[PDB]
Amino acid sequence: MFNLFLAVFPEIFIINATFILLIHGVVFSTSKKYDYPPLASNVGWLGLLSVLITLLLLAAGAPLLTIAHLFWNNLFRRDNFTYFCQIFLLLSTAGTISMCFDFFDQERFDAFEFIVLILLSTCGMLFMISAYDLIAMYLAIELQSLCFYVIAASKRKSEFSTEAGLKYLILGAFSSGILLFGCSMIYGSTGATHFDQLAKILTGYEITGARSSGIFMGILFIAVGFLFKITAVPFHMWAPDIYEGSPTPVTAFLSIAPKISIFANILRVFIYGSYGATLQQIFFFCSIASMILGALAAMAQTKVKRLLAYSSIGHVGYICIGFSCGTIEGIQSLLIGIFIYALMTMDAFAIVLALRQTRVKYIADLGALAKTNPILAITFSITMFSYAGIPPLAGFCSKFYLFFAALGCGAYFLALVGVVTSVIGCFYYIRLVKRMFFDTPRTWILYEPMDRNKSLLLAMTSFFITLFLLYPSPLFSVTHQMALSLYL
Amino acid sequence: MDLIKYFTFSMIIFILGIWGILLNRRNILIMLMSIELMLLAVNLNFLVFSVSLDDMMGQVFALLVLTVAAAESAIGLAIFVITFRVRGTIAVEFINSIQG
Amino acid sequence: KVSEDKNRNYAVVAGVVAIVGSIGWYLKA
Amino acid sequence: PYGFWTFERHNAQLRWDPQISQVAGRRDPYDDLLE
Amino acid sequence: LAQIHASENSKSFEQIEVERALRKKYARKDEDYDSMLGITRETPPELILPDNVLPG
Amino acid sequence: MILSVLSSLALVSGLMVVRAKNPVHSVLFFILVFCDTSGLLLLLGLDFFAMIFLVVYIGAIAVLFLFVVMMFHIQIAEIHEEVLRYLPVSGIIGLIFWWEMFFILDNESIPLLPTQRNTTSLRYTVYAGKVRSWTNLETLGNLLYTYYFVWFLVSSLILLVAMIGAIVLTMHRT
Amino acid sequence: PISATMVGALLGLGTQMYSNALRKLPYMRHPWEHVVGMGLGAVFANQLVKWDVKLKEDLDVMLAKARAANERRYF
Amino acid sequence: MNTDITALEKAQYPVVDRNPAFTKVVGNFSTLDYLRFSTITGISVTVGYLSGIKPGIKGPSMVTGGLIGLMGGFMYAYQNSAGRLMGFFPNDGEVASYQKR
Amino acid sequence: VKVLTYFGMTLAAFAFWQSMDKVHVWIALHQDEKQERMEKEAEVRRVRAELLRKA
Ligand SMILES: CCCCCCCCCCCCCCCCCC(=O)OC[C@H](COP(=O)([O-])OCC(O)COP(=O)([O-])OC[C@@H](COC(=O)CCCCCCCCCCCCCCCCC)OC(=O)CCCCCCCCCCCCCCCCC)OC(=O)CCCCCCCCCCCCCCCCC
Ligand SMILES: CCCCCCCCCCCCCCCCCC(=O)OC[C@H](COP(=O)([O-])OCC(O)COP(=O)([O-])OC[C@@H](COC(=O)CCCCCCCCCCCCCCCCC)OC(=O)CCCCCCCCCCCCCCCCC)OC(=O)CCCCCCCCCCCCCCCCC
Ligand SMILES: C[C@@H]1CC[C@@]2(OC1)O[C@H]1C[C@H]3[C@@H]4CC=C5C[C@@H](OCCC(CO[C@H]6O[C@H](CO)[C@@H](O[C@H]7O[C@H](CO)[C@@H](O)[C@H](O)[C@H]7O)[C@H](O)[C@H]6O)CO[C@H]6O[C@H](CO)[C@@H](O[C@H]7O[C@H](CO)[C@@H](O)[C@H](O)[C@H]7O)[C@H](O)[C@H]6O)CC[C@]5(C)[C@H]4CC[C@]3(C)[C@H]1[C@@H]2C
Ligand SMILES: CCCCCCCCCCCCCCCCCC(=O)O[C@@H](COC(=O)CCCCCCCCCCCCCCC)COP(=O)(O)OCC[N+](C)(C)C
Ligand SMILES: CCCCCCCCCCCCCCCCCC(=O)O[C@@H](COC(=O)CCCCCCCCCCCCCCC)COP(=O)(O)OCC[N+](C)(C)C
Ligand SMILES: CCCCCCCCCCCCCCCCCCCC(=O)O[C@H](COC(=O)CCCCCCCCCCCCCC)COP(=O)(O)OCCN
Ligand SMILES: CCCCCCCCCCCCCCCCCCCC(=O)O[C@H](COC(=O)CCCCCCCCCCCCCC)COP(=O)(O)OCCN
């Protein structure tokens, strides 16, 4: 009996460690004897340790995660794809946590519950990746969402943070209701919620004239929920406001991990299921809309956070092009784009968090940065050029596959749109470089140097961004492996 | 005709939630209430289908969805409370400062 | 003559155990 | 792939459900009368 | 002014260390979390200057 | 006919939820909607869910809403607006949803037209399933804690998040 | 020649220096950290090369199974 | 409760015991398992101590870190030992001990 | 609202639901004609596909 639970050792450990940290934090934060010490950094270090131990347990027990698969079948499904997805999610959570300590001590954000909520949301996203039934998927999505709602409003006396939370909760709850409605329609039409059963029922028919309008609209509503989650246009406008109004570590965490988890879900639901061309057209139209609107709106922005939010919207458009074309290379390119976008976003938010110690808000606040911190201005410039997709930086991979998918599938309008939006993006990315290197403002802002954690993370992500295309084989192989494991 | 009548009941509840979103641009508390109405309609959809299909999966998920609805309302009303506390008012013109 | 901070001494032992155990872990793998 | 749902990973229910076929809650009602 | 300068320049090693730690602890604040805890952190008197040297 | 009565009550009560000028009144009508829903559940034979909808939706959730809305003391000027100018946008959106979504089951689940003949005699009775009948309660409890226990525990995690968030966002200890 | 150990050691040393520079510290502020970084970089690079080999090995079998499943169509 | 330990990916090494008992797995702990266990616990205690200094709770922080490390290290050692007995990990020692007793 | 207003709204809603019942009966009664139209269009499409494949 005990050995059956080897399939959930990683999750058991992280949940138990989260409980231990909750108890530790609440017991000593309330201690008069110890004079109510702030425990955000102490619990943060212990939680980083817990995340790393979870990663060790998961990575080193690759075969064991598939033990007792028949017993666990109606609860979740662990395979090669979920293996690598969960590893990448844990690595992202560890990096995001490591970027938070200067924020904890200098702002004096003393709430250790922040770390606990991050860990519980990580548990939720882990269960999201392995979900193999509509019920499990919904429950894990809701756990993740509720944790985000709470942490988005963590600055509870701030107008901005409270506004972010309110908008997030209302729009999140609305989208979740729409998705749940879709799930109910699919169950009513097919008598099934398990992904295997849905695959068997729906395969071979798609729209064979006598199409289940119940099945067709259930798929549509579920897709609407998914598109809200990935911040695809027109279900996107929550994202810029929430990203700007939340505390910056929250914004960094939301920018990466939920995308990993929800794309895992989207792959395993749609790609593994079957209504077909309709849904790929959904993601097609939403990709084009996201690219255009992200480019234009980002061009309008004068503030750093809003610029990065709109940039992420545009990039999810680029990524969803891969899901749309419905090929093994499409899935592989989508995974490559997520990995690279995640490492670039981690780099960018490490810089943003470093600069938030002097309250960076506007793009113009970067003036004369090439004088006051030359190596920081260069590092940030490499990130921008990578965001623009200039070769041979890592960001060039997404542009290359965008045009690779258009030319082959025959999509000349998509290629047109990609060219235009890439040029617009390059303009608003090099505007930052111009501000740091070319401008001569009358008043300068002198920034405090970053802590060791962010400097090390920045140093590694900056080598990756510059040097990835010298040795890209492991990512290429691992992502081809994952794309294949979805069906075999 | 039973199944079409049970489904249209839940359907009118869902459409009422949608209308409540549409008609309450100055009243975000009612917007939250409309979202609960939609969640209730979905829950009813699972229960009706469970009976019609003679299957228990609709019933397990209905209970779990009730748990989600409870947690959602708790957290949402907390966020409403803190927004009101910061502003002293619930009017929508005082929660529009993030834009662009 | 003696280090009196008991918790510090325990932490020192823990660090030493980590280092030596890591060396042994590498050596026997 | 051709017939992916044929692949053993996808036939989990065909092998699990027989193991619980005698569990109260999913038995044919006549099984209790004869057992 | 001479009083505060004389007081600072005559402090021993131990008091210098104590005040370094105290200064670091009270350099920033989270009054919202204190209100959640229901406590009020007060500046220690060894960090407060006399009123006769303050600008007012 | 009985489903016509309950659906009419639900329709009117829901319109009152979304259209009452006073939010306290909205919460009270919401409570009427849950009562009608419980009636439908009793018609379906799901007495456990019928009672739980009273216990949780009315007994706990609506009470929370009422406590919060009552202490807010909302003035109507802060949330008033004329809705006559929304009739068209609600008309298209409602109609499209009406035409699509009230009739989605019609092609898959075609109704049996009631004829001028007693079909009740064609009801076949199997007494084997009637020797030991299970309540809704015990049928659900046979499954929640053993075969689907992981989802049960994840729901517990969701409730824990609710508790933590409620404390962290609103607590001001005296 | 240019071995994974040497590339990794150079990358680790560069990482420590880049980290120091980002913090506006002298390049060689804590030299024992430079030694630690060279060691970790060498270890990382060697493990990445071995992992790459293993990854290609697994992808080979998996592509083989995909090809067999596809070829079953023409039977 | 019906159970089935059968894994999706078969074991690539001889199966000494398909579903080893808890105490059998613990008694199967090797020197390398104990090294992993002790290293994880020691690192965790060290992190607890160092991160606890600033709040002033280095002792209790050491205890908390040590509890986390003890649980994680035991889970990791159990994972390795059970995987060896089940044939999922290289298990030369288990096979040698099995072919003799 | 007035109590009588609520009662009258309930009566109007009852009339609406009975009308919906009539609509459902209408939709059910036209299943056969819809099937016939679907079959004729399927035959036309299949004939066109077979004829165009001849070239
Ligand atoms: C033969 C027997 C004779 C003996 C028995 C006779 C019994 C008496 C008759 C029964 C009662 C009828 C009279 C009602 C009271 C009138 C007296 C009075 O003083 O009213 C004051 C009243 C003032 O309002 P108030 O109550 O003081 O509240 C003030 C504030 O609003 C309060 O603030 P608040 O916050 O509480 O509320 C906010 C807001 C609340 O906002 C609202 O309530 C929305 C108002 C618009 C309602 C829209 C329709 C809702 C009903 C649902 C219908 C189906 C909808 C389907 C939609 C989904 C489909 C996609 O307030 C309002 O907007 C008030 C508007 C009220 C207007 C109601 C109009 C109802 C629509 C009637 C349509 C008729 C069409 C007939 C066919 C229908 C199709 C089948 O003014 C009126 O006179 C209006 C009421 C009169 C019309 C309503 C009753 C209609 C009944 C028709 C008869 C049934 C026909 C079908 C028979 C079927 C047989 C098979
Ligand atoms: C075989 C069956 C036989 C049945 C026989 C009985 C048939 C009765 C037919 C009556 C219709 C003809 C009426 C002719 C005129 C009568 C003369 C007259 O109106 O003077 C009365 C006069 C007020 O008349 P008014 O001039 O029209 O003034 C109206 C407003 O002032 C105007 O001010 P406003 O404009 O500001 O409005 C504010 C709002 C006030 O704000 C509100 O929110 C109103 C309250 C609604 C929600 C309150 C309940 C939820 C709160 C929680 C309560 C505890 C929950 C748990 C316990 C109960 C659950 C079982 O006022 C209203 O909206 C009132 C609308 C009433 C809707 C609620 C009643 C319908 C409930 C469903 C009945 C189902 C059966 C009848 C239908 C059958 C099929 C057709 O004074 C009274 O009504 C006496 C007060 C005692 C009332 C007790 C009623 C029961 C209360 C306890 C139970 C609560 C739950 C309700 C039942 C739940 C069932 C599960
Ligand atoms: C604690 C707090 C306090 C508040 C509270 O809780 C909280 O307090 C709680 C207290 C709750 C009430 C409690 C109780 C009820 C009664 C229920 O109402 C029963 C209705 C059902 C039962 O009705 C019949 O059931 C049997 C017949 O079915 C009768 O058996 C005969 O027939 C047998 C067979 O020959 C013989 O063998 C037997 O010997 C012979 O006797 C039996 O006598 C009779 O009862 C359902 O019936 C219908 O359903 C039919 C199907 O849809 C419909 O058929 C139609 O459609 C068909 C096509 O579809 C066409 O083919 C048909 O031709 C065409 O007619 C039709 O409309 C109608 O029949 C309505 C709900 C309500 C009010 C609750 C409301 C909510 C509360 C107030 C709660 C509240 C919230
Ligand atoms: C060809 C690529 C495609 C095009 C993209 C080009 C992107 C760059 C744009 C080119 C235009 C000119 C760019 C000028 C940058 C050169 C100046 C520079 O970066 O110097 C930095 C140097 O920045 C660095 O630190 C770079 C380190 C990267 C390490 C990469 C080497 C890896 C292996 C080397 C091993 C160690 C050294 C071996 C020999 C000792 C000095 O930084 P400061 O902020 O001035 O001061 C730093 C503080 N302190 C000196 C006190 C330490
Ligand atoms: C004569 C030939 C022998 C020469 C030996 C040279 C070997 C030296 C190798 C360098 C080791 C570097 C280890 C870096 C970790 C630094 C450990 C440390 O700082 O000790 C601290 C903390 O120690 C620990 O918490 C755990 C690490 C100690 C374990 C490693 C000790 C290295 C020497 C071994 C001494 C123990 C050997 C005997 C044990 C019975 C003492 O406690 P606190 O003063 O309270 O710490 C304040 C915070 N701060 C870290 C910033 C100083
Ligand atoms: C692939 C491209 C090429 C890459 C190059 C690879 C080379 C390997 C890297 C070599 C590293 C060189 C330097 C090594 C010596 C430094 C040792 C760190 C000292 C240390 O204990 O740091 C502590 C802080 O932790 C820290 O600062 C450590 C945390 C740093 C963050 C990184 C790890 C986070 C988790 C994983 C993130 C993964 C993200 C990817 C998605 C205390 O520092 P202090 O004593 O100065 O006091 C700071 C004030 N509190
Ligand atoms: C073999 C070469 C490489 C070996 C490196 C040491 C052995 C590996 C153990 C892990 C080392 C990781 C890096 C340790 C330093 C991490 C960053 C600590 C910096 C920090 O903020 O805290 C300092 C603690 O010092 C410290 O943490 C350092 C404490 C003493 C370590 C220095 C001795 C290293 C020995 C190198 C070879 C010795 C040859 C003889 C055996 C306090 O800083 P502070 O106030 O003390 O002063 C600093 C003047 N800016």
Side-chain angles (χ1 to χ4, degrees), chain A residues 41 45 48 51-52 55 88 90-99 101-102 105 256 339 342-343 346 350 451-468 471, chain C residues 3 5 7-19, chain F residues 5-6 8-9 12-13 16 20-22 24-32 34-36 38-39 54 58-59 62 66, chain G residues 8-9 11-20 23 30 32-45 48, chain H residues 42 45-47 49-50 53-54 58 62, chain I residues 1-8 10-11 13-14:
Chain A
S41 69
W45 280 108
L48 177 53
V51 171
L52 294 178
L55 181 297
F88 192 49
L90 288 173
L91 281 174
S92 88
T93 295
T96 288
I97 284 168
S98 62
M99 281 178 332
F101 290 108
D102 258 20
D105 49 30
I256 312 176
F339 187 96
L343 264 71
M346 182 95 65
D451 63 26
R452 189 195 289 271
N453 299 70
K454 281 192 269 319
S455 57
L456 276 170
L457 181 50
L458 204 36
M460 292 162 301
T461 58
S462 169
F463 280 144
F464 175 93
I465 282 151
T466 61
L467 301 169
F468 166 66
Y471 197 70
Chain C
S3 153
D5 184 343
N7 284 342
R8 190 179 63 232
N9 298 343
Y10 298 157
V12 166
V13 173
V16 162
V17 160
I19 280 143
Chain F
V5 176
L6 295 185
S8 89
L9 285 175
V12 181
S13 281
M16 287 327 282
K21 305 140 48 190
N22 193 334
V24 167
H25 300 167
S26 312
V27 178
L28 302 189
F29 282 111
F30 207 155
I31 289 166
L32 256 43
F34 296 138
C35 294
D36 208 279
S38 184
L54 306 177
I58 304 181
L66 201 58
Chain G
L11 286 187
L13 172 61
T15 299
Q16 177 55 21
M17 298 181 86
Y18 196 175
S19 170
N20 276 348
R23 302 163 61 208
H30 283 173
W32 56 91
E33 298 175 351
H34 298 66
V35 178
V36 161
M38 283 185 297
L40 292 161
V43 157
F44 178 74
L48 187 70
Chain H
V45 173
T46 292
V47 172
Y49 179 83
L50 294 176
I53 287 169
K54 173 169 67 201
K58 62 200 206 169
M62 251 198 300
Chain I
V1 290
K2 291 302 306 280
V3 168
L4 247 200
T5 299
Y6 183 95
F7 172 64
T10 304
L11 293 170
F14 182 69

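Note that ligands are numbered from 1 as they come in the structure, with each ligand's atoms numbered from 1 the same way. For the numbers below, each heavy atom of this structure counts, side chains included, while hydrogens, waters and symmetry mates do not. Chain letters run A, B, ... following the sequence lines, proteins first, then strands; residues in each count from 1.
C/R8 CD, 4.1 Å is the protein heavy atom nearest to atom 44 (O) of ligand 5. For atom 31 (C) of ligand 6, the closest non-hydrogen atom on the protein side is A/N453 O, 3.8 Å. With hydrogens left out, the protein atom closest to atom 34 (C) of ligand 6 is A/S98 OG, 3.6 Å, a heavy atom. Protein heavy atom in closest approach to atom 5 (C) of ligand 6: G/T15 OG1, 3.4 Å. In terms of protein heavy-atom proximity, atom 40 (C) of ligand 5 is closest to C/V13 CG2, 4.9 Å. Among all protein heavy atoms, the one lying closest to atom 38 (C) of ligand 5 is C/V16 CG2, 4.6 Å. Among protein heavy atoms, atom 47 (C) of ligand 5 sits closest to H/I53 CD1, 3.9 Å. In terms of protein heavy-atom proximity, atom 45 (O) of ligand 6 is closest to A/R452 NE, 4.2 Å. For atom 32 (C) of ligand 6, the nearest protein heavy atom (residue, atom name, distance) is A/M460 CE, 3.9 Å. The protein atom (non-hydrogen) at minimum distance from atom 3 (C) of ligand 6 is A/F463 CB, 3.6 Å.
Close approach to A/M346 involves these atoms of ligand 6, each under 4.0 Å from a residue heavy atom: 39 (C), 41 (C). The ligand atoms of ligand 5 that sit less than 4.0 angstrom from a heavy atom of C/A11 are 25 (O), 26 (C). Listed by atom number, the atoms of ligand 5 under 4.0 Å from H/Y49 heavy atoms are 25 (O), 42 (O), 43 (P), 45 (O). Taking a cut-off of under 4.0 Å to the non-hydrogen atoms of C/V12, the atoms of ligand 5 that pass are 28 (C), 29 (C), 36 (C).
By the criterion of a heavy-atom distance under 4.0 Å, the side chain of H/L50, and not its backbone, is placed next to ligand 5.
In this structure, F/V5 and I/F14 have side chains that are in contact, with non-hydrogen atoms separated by less than 4.5 Å. Side-chain contact between G/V36 and G/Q16 is absent, with no heavy atoms from C-beta onward closer than 4.5 Å. Counting only heavy atoms from C-beta outward, the side chains of A/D105 and A/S41 never approach each other to under 4.5 Å. The side-chain heavy atoms of F/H25 and F/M16, taken from C-beta on, include no pair separated by under 4.5 Å. Two residues are said to be in side-chain contact when any heavy atoms from C-beta on lie closer than 4.5 Å; A/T461 and A/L458 meet this criterion. With contacts defined as side-chain heavy-atom distances shorter than 4.5 Å, the pair A/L343/A/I465 does not qualify. Side-chain contact between H/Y49 and H/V45 is absent, with no heavy-atom pair separated by less than 4.5 Å.
Using a 4.0 Å threshold on non-hydrogen atoms, atom 47 (O) of ligand 6 does not count as touching the protein. For atom 13 (C) of ligand 6, the nearest protein heavy atom lies closer than 4.0 Å. Distance check for atom 25 (O) of ligand 5: a protein heavy atom is found below 4.0 Å. Taking a distance limit of 4.0 Å, we find that atom 20 (O) of ligand 5 is approached by no protein heavy atom. For atom 29 (C) of ligand 6, a protein heavy-atom neighbour is found at a distance under 4.0 Å. Using a 4.0 Å threshold on non-hydrogen atoms, atom 50 (N) of ligand 6 does not count as touching the protein. Taking a distance limit of 4.0 Å, we find that atom 9 (C) of ligand 5 is approached by no protein heavy atom. Per-atom contact check: atom 29 (C) of ligand 5 touches the protein, criterion being a heavy-atom distance below 4.0 Å. Remark: atom 6 (C) of ligand 5 lies closer than 4.0 Å to no protein heavy atom.
Distance CG/G/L40 to CD/G/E33: 11.5 Å, rounded to 0.5 Å. In this structure, OH in A/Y471 is found 5.5 Å from CG in G/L48, a value given to the nearest 0.5 Å. Interatomic distance, A/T96 OG1 to A/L91 CG, rounded to the nearest 0.5 Å: 11.0 Å. Residue F/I31 holds its CD1 atom at 11.5 Å from OG of F/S26, rounded to the nearest 0.5 Å. To the nearest 0.5 Å, atom CG of residue F/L54 and atom OG of residue F/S38 are 4.0 Å apart. Atom CG in A/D102 sits 3.5 Å away from atom CG in A/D451 (nearest 0.5 Å).
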Provide, line by line, the atom pairs where ligand 2 and the protein bring an N/O atom each to a distance under 3.5 Å; else say none.
{"unit_1": "ligand 2", "atom_1": "27 (O)", "unit_2": "I/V3", "atom_2": "N", "d": "2.9"}
{"unit_1": "ligand 2", "atom_1": "35 (O)", "unit_2": "I/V1", "atom_2": "N", "d": "3.0"}
{"unit_1": "ligand 2", "atom_1": "37 (O)", "unit_2": "I/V1", "atom_2": "N", "d": "2.9"}
{"unit_1": "ligand 2", "atom_1": "37 (O)", "unit_2": "I/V1", "atom_2": "O", "d": "3.3"}
{"unit_1": "ligand 2", "atom_1": "63 (O)", "unit_2": "I/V1", "atom_2": "N", "d": "3.4"}
{"unit_1": "ligand 2", "atom_1": "63 (O)", "unit_2": "I/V1", "atom_2": "O", "d": "3.3"}

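Residue A/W45 has no nitrogen or oxygen atom sitting less than 3.5 Å from a nitrogen or oxygen atom of ligand 6, judged on distance alone.
For the residues A/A94, A/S455, G/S19, G/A42, the heavy atom positioned nearest atom 36 (C) of ligand 6 is part of A/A94.
Judged purely by distance below 3.5 Å, without hydrogens or angles, the side chains of A/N453 and A/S98 never pair a donor atom with an acceptor atom.
Heavy-atom distances between A/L91 and ligand 6 reach below 4.0 Å in at least one pair. Within the structure, ligand 6 has A/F464 among the residues with a heavy atom less than 4.0 angstrom away.
In this pair, F/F29 and I/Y6 present their aromatic rings parallel. The plane angle is below 30°, not in the 30 to 60° band.
In terms of modelled atom types and a separation under 3.5 Å, the side chain of A/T93 and the main chain of A/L90 share no donor-acceptor contact. In this structure, A/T466 contributes its side chain and A/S462 its backbone to a donor-acceptor pair below 3.5 Å.
Closest approach of H/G42 to C/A18, counting heavy atoms only: C-CB, 4.0 Å. Here the closest non-hydrogen pair linking H/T46 and C/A11 is OG1-O, 4.2 Å.
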